[PDB]
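Input: a single structure, listed below in structure tokens.
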RNA sequence: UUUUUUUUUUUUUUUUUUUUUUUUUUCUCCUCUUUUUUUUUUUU
């Protein structure tokens, strides 16, 4: 769902950032919805202030 | 619920020269009447 797919995004990006496999590649199969995935999350901040 | 790939505006430049206005035709051709020829001279 529109508000439940975000739940999937914040589920997979939760049980994987704790461990060492934080670099992740998502193979979206559409040029259109690829930007839609990133647009509707808006909060990951997975960067240190030095980098 | 619609991915991936399909080049672009020709290359070249560091060659010598010792002439001179023009330019080229037109043929022979009946002259009518007072004359010898007047004349110095002086006033500029």
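Between residue A:39 and residue A:21, what is the label-to-label distance in nm when each label sits 7 Å out along the Cα-to-Cβ direction?
3.0 nm
Put one equal scatterer on each alpha carbon of chain A, apply the Debye formula with no solvent term, and list log10 I(q)/I(0) at q = 0.21, 0.22, 0.27 1/Å to two decimals.
-0.92, -1.00, -1.27
Between residue A:46 and residue A:4, what is the FRET efficiency for a Förster distance of 22 Å, r being their Cβ-Cβ separation, to the nearest 0.05?
With a Förster radius of 22 Å, E is 0.45.
Every number in this text was worked out from the coordinates using simple rules, so none of it is lab data. Methodologically, a virtual Cβ is constructed for each residue, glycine included, from the backbone with ideal geometry; neighbour enumeration extends over all protein chains shown.
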